[PDB]
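Beneath this line is the structure, given in C-alpha cells, with notes to follow.
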Amino acid sequence: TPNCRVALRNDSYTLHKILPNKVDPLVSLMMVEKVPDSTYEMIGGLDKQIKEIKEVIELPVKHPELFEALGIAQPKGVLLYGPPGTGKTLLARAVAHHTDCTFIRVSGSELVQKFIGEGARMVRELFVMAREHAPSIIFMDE
Amino acid sequence: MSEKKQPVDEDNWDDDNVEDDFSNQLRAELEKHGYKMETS
Amino acid sequence: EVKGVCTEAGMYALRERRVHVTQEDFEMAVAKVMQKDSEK
Amino acid sequence: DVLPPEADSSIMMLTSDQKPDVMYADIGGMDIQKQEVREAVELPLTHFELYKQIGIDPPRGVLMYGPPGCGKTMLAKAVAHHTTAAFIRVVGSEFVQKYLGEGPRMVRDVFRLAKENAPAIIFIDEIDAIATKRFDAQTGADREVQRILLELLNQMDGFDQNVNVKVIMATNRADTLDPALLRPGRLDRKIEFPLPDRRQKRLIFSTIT
Amino acid sequence: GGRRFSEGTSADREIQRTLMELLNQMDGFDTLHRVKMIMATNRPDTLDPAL
Amino acid sequence: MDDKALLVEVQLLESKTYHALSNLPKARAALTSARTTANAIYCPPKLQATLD
Amino acid sequence: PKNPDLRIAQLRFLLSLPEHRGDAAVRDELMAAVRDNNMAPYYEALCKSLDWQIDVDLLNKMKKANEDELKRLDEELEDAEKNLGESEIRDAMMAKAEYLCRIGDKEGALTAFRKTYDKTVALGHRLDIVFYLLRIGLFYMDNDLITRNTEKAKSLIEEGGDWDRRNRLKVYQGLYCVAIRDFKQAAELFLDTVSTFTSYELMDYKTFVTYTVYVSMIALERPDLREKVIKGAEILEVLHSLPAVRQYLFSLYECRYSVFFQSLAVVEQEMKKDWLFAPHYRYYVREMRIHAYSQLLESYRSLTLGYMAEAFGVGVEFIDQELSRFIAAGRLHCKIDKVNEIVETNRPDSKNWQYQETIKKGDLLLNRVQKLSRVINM
Amino acid sequence: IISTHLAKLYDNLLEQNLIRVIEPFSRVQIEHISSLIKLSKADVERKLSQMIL
Ligand SMILES: Nc1ncnc2c1ncn2[C@@H]1O[C@H](COP(=O)(O)OP(=O)(O)OP(=O)(O)O)[C@@H](O)[C@H]1O
Ligand SMILES: Nc1ncnc2c1ncn2[C@@H]1O[C@H](COP(=O)(O)OP(=O)(O)O)[C@@H](O)[C@H]1O
Ligand SMILES: [Mg+2]
C-alpha cells in the first residue's frame, strides 16, 4: 500500500517485509488536540437544542433520501451561539460521537501544520483527510 | 460408550451441618427459658 | 461554574479529612466561586 | 542486553549540596498559593488514598506564572527543600542540542528516570523557550523544537494515574504559549502570582527585616 | 537583551532562548556568589523587564 | 441591608449562645452559616481567628 | 417496572412457607397480582393457592392490555426506524422491555436486554440494564447469572467514579453475601450505612440498619464494636428509633446476659419468620450462643457452673447439655468438671486450630485436583 | 469545656497508671493492686475484667 513502512535489507536494498501500518495523520492530530469526548448522558437540560441539531446533522446521513422526498437540498452549515461554558464543545463532540463521524476541529495551529502539509498554503488541503474520512464533521471555535 | 448395566433399578451444606449437630434439639426455643425461670 | 463548585467541594472534605462529601461543603464552595464571580 | 535506566539531562538532585537553604517561613504572605500548591503536589503524593477514595482526580501537572520577582523560583526552592520524594530540576532551554535526537532522547529519559526512580517531582522553568505558538518548517532550528514539544506532549499522555509523578512548570509570559499544552489531562491548575498587596506586603517587610 | 516579541521572525526565537538561558543562569537555583556582572548600554529601553 | 461583616458577628454570637445554652445541632447550623458567610468577606482581619 | 418488585417475591415466600399464614398474603398478593398486568408469575403460585376458578376473564383482560402494549410497541418500531433517532425501537423497548420484564417472563426481558445492551454507547444506560439483570437474577436466584453481571458491572465502575453506581452496587453485593452465609463479607459490604439511601428494596433505611447490625454482631469482634457501632451517630440515631434492637445490641456490649436471651428469642423468632434469613436462622443463633459463651467464659478460669443459671440465664442442666454439645463440638475452649461442680478453662495456642483449617482446605483441594485429574485423560 | 473532658481523661489516665503497675510480675493479689493504686477492689476487679474483655 502507499504510505506504509517496510523492512529493507541493506546490501542490495531488496524489499524484505511489511511492518505494521504506521498511523493516520488525523489520529495523531486529534491525539494532540484531545477534545473532551462526550455523550448524550452528560447533557444538562438542552433537549430542545438536541432536537434542533438532530434535524440538521443526524437526519441527512441516516436518511438522505428523506430530503429528496421533499425536493430540497440538505443543510451544510451550523452556527451555535451563546456565552462560554455552555456545552458547545461537548455538544458538537457528542453529536459526531453518536452519528459516528470523524470530529475534526481546526485551530490554525502550527503543530497541526506538519500533518496537513509542508506549507499548506490554503486551508483547502484539509479536505484530502476530510473526504478520506468522508463521513466527518468540521468544528471551529470563536 | 457408557453401557453401564443395571443390577439395582453452597445453598445446601452449612444448613446440613446445622442439621448435623442440630437436627432436632428443642426446635423452637421460646418458652423453655420461661419454664426455667420458676424452677431455676 | 456548576462543575467549578462540584469539583471543588471534595477539597473541603479532604482538607478536613473526610471520606464522604457533605452538603455544607457545597455552600462553603458557592461562597467561594460566587466570590470569584464578585471578583471583576 | 537490557539496561538499567539512564539519563544525563539531570541525575536526581544529589540531596547533600543540593537543597537550597530556603524555609517555608522565608516566604511571607503567600498563604493562598503555598497551601494551594501544597494541595497540588505533595498532598496527593502522601494521601493518595483520599484522592482515590473520594475520587477527585488529582492534577497531573501544574502551571504557575505572573510578573517576574514574585517568588516563582523561590517557592520551588522551598518545596525542593522540604520534600521527601525525589526531585528532578531541569533548566528548560537545554533541549536545543546541536545534534538531532539528543533533544528528544533528552526529553524521554527524564520521564524514564522519574518513572523508574521514585514517586518524584519534575520541575521545568522558562517554558517559553520551548512552548511557543508560531512555527516555520524551513529551518530545522524550528523543526527540532517542534519535535521537542511533540515528545513531551506524547509523554504526559503516557501516564496512567497510578504513578505519582508531578510536573511543576513556571514561566513569565503566558501569552506566548500554545493552549494545546494547556489542554486538560496534561495541564489543569493555573496559578497567577499577583503583585504584593499592602497586607501581604507588610509581612514581607517583617520577614526580610 | 531584547524586550520580548509576539514572535515575528524565526531568528528571534532562539535568541530569546539564549536570553532566557542567561536569565535562569543568573539567579536560578544557585548561590550566585563571588561572581559579579557588569552591563552597559546606550539605551535602556529595548530590554526585558525580567532582565 | 448593605452589610455583610456584622452578620458574621451575630451568627458567631449565636454559635456562642446555643452551645453555651446547650443546643448542639443548632449551634452547628449557625456555625455553618458563619462559615459560608465568612467565606465571602475580603478582610476578616481578626474575625478570621475569632471564628477559628 | 421493577422498582417495587422485591416485595412481590417476599410475599410469595410469606404466602408459601408459613403454612398457617395463608390468608392476607393471598389477599394483597392478589391485590398487586391481578392488577398492573401481572400475568405469568402466578400459575404455580395459583397451584400453591386455591383454584380461583374464574380467573379466565381476569387473564384475558390483562393479556389483552399486554397485547395492547405489545402491539403499540409494534406501532412504535416502524416509525422509530422510519425517521431514526438513536435506534428508537430499542430506545422504546429500553423503557418498555422492562415493562415486558415485569409482565412477561425473564426471556422477553433477557433477549431484549442483551439486545438493547449493544445500543447505548455510554454506560449510563448499560449499567442500569445490568442492574435490572441483577434484580431479576435476584428474583429467580440466578446464582450463575449474578456472578456474570456483577463482574460485568464492575468492569464499568472504573471509568468515572460513579459512586451512585458503586456504593449502590455494594448494596447488591451485600444482599447476595447475606443471601449466602457470608457474614464477614456481608457486614463489610454493609460498612458504610451513610451513602446507602432511601432505597426501593429496603424502603425503610432502618430495615437496612437492622440487617447490618444483625450481621455485624457476628462479623466483628469487640474492638470494632466498641468503636464503630457504638460511636457512629448516623448508626446510633436510627436505632434510637428502635426500642428492642437498641436493647438487643447493648445487652451484649453492656454484659446484660439474662435479658439477652429474652431479646434473642425475639430476634431469632422474627428471623425464623423472615424471608432471606429463613435459610439460615438456625445457623445464626447457634453461633450467637457460643459467641456469648465465649464472651463471658473467657474472663475467668475458675468460674463455677452454678453461677451461670442465676447470673447468666436459667437452667443448670440446660447449661450442662448446651456447653457439652459445644466442647463436644470442638469449639468453646474450656474443660468442664462435674462431680465437684466447677468449670475450668484453658487457652489454646494458634498452632493446632490454625493447622486444622489447613488440613481441611488441603484435603479439599487435593480432592479437587484429584477429581479433575480423573476427569481429563478419560 | 474542661469539666466535660475530665471524666474521659480520668478514664484514660486511670488505665495508663493501671497498665503501669500491672507490668512487673506474673501474678498478684488484687488487694496489692487496690493498695498500690490506693483504690477499692470491686471497681478494680470490674475494670480489669473490662480490660480482658
Ligand atoms: N516572601 C517573599 N515573597 C516574594 N518575594 C520575596 C520574598 N522573600 C524574598 N523575595 C525576593 O523575591 C525574589 C524572588 O526570586 P525568584 O527568582 O523566585 O523570583 P521569580 O518570581 O522567580 O522571578 P524570575 O522568574 O524573574 O526569577 C528573590 O530574589 C527575593 O529577593
Ligand atoms: N449542560 C451542561 N452539562 C454539563 N456540563 C456542561 C454543560 N454546559 C457546560 N458544561 C461545562 O462547560 C465546559 C464546556 O464549555 P463549552 O460551552 O462546551 O465550550 P465553550 O465554553 O468554549 O463554548 C465543560 O467543562 C462542561 O463540563
Ligand atoms: Mg524566576
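Quarter the surface of the alpha carbon convex hull of the protein assembly as shown and you get the mean projected area, 67.9 square nanometres. For region G:101-191, the list of GluC sites (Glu not before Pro) that fall in a loop by DSSP and count at most 11 other C-beta atoms within 10 angstrom reads G:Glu158, G:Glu159. The trypsin sites (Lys or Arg not before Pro) of region A:1-46 that meet both conditions, a loop assignment by DSSP and at most 15 other Cβ atoms within 10 Å of the site Cβ, are A:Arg5, A:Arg9, A:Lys22, A:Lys34. Placing a label point 7 Å from the Cα of G:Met271 along the Cα-to-Cβ line, the residues of region G:196-230 whose backbone N sits under 16 Å from it are G:208-221.
In this calculation the C-beta distance from G:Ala311 to G:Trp353 is compared with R0 = 35 Å, giving a FRET efficiency of 0.75. Here the Karplus curve 6.51 cos²θ - 1.76 cosθ + 1.60, taken at θ = phi - 60°, turns the phi angles of region D:53-65 into couplings of 6, 6, x, 10, 6, x, x, 6, x, 10, 10, 9, 7 Hz, with x standing for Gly and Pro. As a ratio to 2.2 N^0.38 Å, the alpha-carbon radius of gyration computed for chain B takes the value 2.47. Quick one: grab the alpha carbon gyration tensor of chain H, order the square roots of its eigenvalues as a ≥ b ≥ c, and give me rounded if a/c is under 1.5, else prolate or oblate depending on whether a/b is larger than b/c. Since a/c reaches 1.5 and a/b is larger than b/c, the shape of chain H is classed as prolate. Taken one residue at a time, the phi angles of region G:164-181 give Karplus couplings (6.51, -1.76, 1.60, θ = phi - 60°) of 7, 10, 10, 5, 4, 6, 4, 4, 5, 5, x, 6, 6, 6, 9, 5, 6, 7 Hz. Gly and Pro are set to x. When only Cα pairs below 8 angstrom with a gap of at least 6 residues are kept, chain G shows a relative contact order of 9 percent.
Figure the gain on full extension for G:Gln262 and G:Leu364 (residue separation times 0.36 nm, minus the Cα-Cα span) and round it to one decimal in nm.
Details: separation 102, 0.36 × 102 = 36.72 nm, distance 4.01 nm.
Full extension of this stretch gives 32.7 nm more.
Axis of helix E:11-27 versus longest Cα principal axis of chain E: the two differ by about 20°, to the nearest ten degrees. Scanning chain D for long hydrophobic helices, with DSSP H runs required to stretch 20 angstrom or more by C-alpha along their axis and to average at least -0.5 on the Kyte-Doolittle scale, returns D:143-157. With the convex hull constructed from alpha-carbon coordinates only, region G:20-118 shows a mean projected area of 7.3 nm² over all directions.
How high is the FRET efficiency from A:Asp11 to E:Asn42, r the C-beta distance, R0 60 Å, rounded to 0.05?
For A:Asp11 and E:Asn42, the calculated efficiency is 0.40.
Normalised Debye scattering of region G:284-374 at q = 0.14, 0.21, 0.24 Å⁻¹ gives log10 I(q)/I(0) of -0.61, -1.05, -1.27, counting only Cα atoms as equal scatterers and leaving out solvent. Note on H:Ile1 and D:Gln200: their simple-model spin labels are 3.1 nm apart, each label 7 Å out from Cα toward Cβ.
A simple spin-label model places pseudo-atoms 7 Å from Cα toward Cβ; at A:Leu80 and H:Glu15 they are separated by 6.1 nm. Going by Cα centres, region E:1-37 and region G:290-318 are how many Å apart? So the separation of the two Cα centres works out to 86 Å. In chain G, the DSSP-assigned H stretches of four residues or longer account for a calculated mean residue ellipticity at 222 nm of -19500 deg cm²/dmol, using -39500 (n - 2.57) per stretch and the full residue count as denominator. Using alpha carbons only, how many degrees (0 to 90, rounded to 10) separate the axis of helix G:6-16 from the longest principal axis of chain G? That helix lies at roughly 70 degrees to the long axis.
For G:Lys106, the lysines whose Cα comes closer than 28 Å to its Cα, not counting residues fewer than 8 places off in the same chain, are G:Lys2, G:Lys48, G:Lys61, G:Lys63, G:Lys64, G:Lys71, G:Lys96, G:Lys115, G:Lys119, G:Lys152, G:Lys154, G:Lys170.
For region A:47-124, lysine pairs separated by 8 or more sequence positions, or belonging to different chains, with Cα-Cα distances below 25 Å total 12. In degrees between 0 and 90, to the nearest 10, how far off the longest principal axis of chain C does helix C:23-38 point, with axes built from Cα atoms? Tilt of helix C:23-38: around 20 degrees. Across chain D, how many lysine pairs, 8 or more apart or on two chains, come within less than 14 Å at their alpha-carbon atoms? So the count of such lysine pairs works out to 6. Sparsely packed loop sites in region G:273-357 (the trypsin sites (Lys or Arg not before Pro) outside DSSP H, G, I, E and B with at most 14 other Cβ atoms within 10 Å) comprise G:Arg301, G:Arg331, G:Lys338, G:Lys351. Loop sites by DSSP among the chymotrypsin sites (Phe, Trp or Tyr not before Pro) of chain A, restricted to those with at most 16 other Cβ atoms within 10 angstrom, leave A:14-80 as the longest stretch without any of them. Taken along the Cα-to-beta-carbon direction at a fixed 7 Å, the label points for G:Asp204 and G:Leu59 span 3.8 nm. Shown is the FRET efficiency for D:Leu182 and A:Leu46, computed with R0 = 35 Å from the Cβ-Cβ distance and rounded to the nearest 0.05: 0.85.
Can you flag which of G:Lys184/G:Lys273; G:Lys231/H:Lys8; A:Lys34/C:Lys40; B:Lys32/G:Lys338 are past 25 Å Cα-Cα?
From G:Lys184/G:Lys273; G:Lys231/H:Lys8; A:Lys34/C:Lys40; B:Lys32/G:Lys338, over 25 Å: A:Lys34/C:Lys40.
Here the Cβ is made from the backbone with ideal geometry for all residues, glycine too, and neighbour counts use every protein chain on show. Coordinate-derived values only; no laboratory data.
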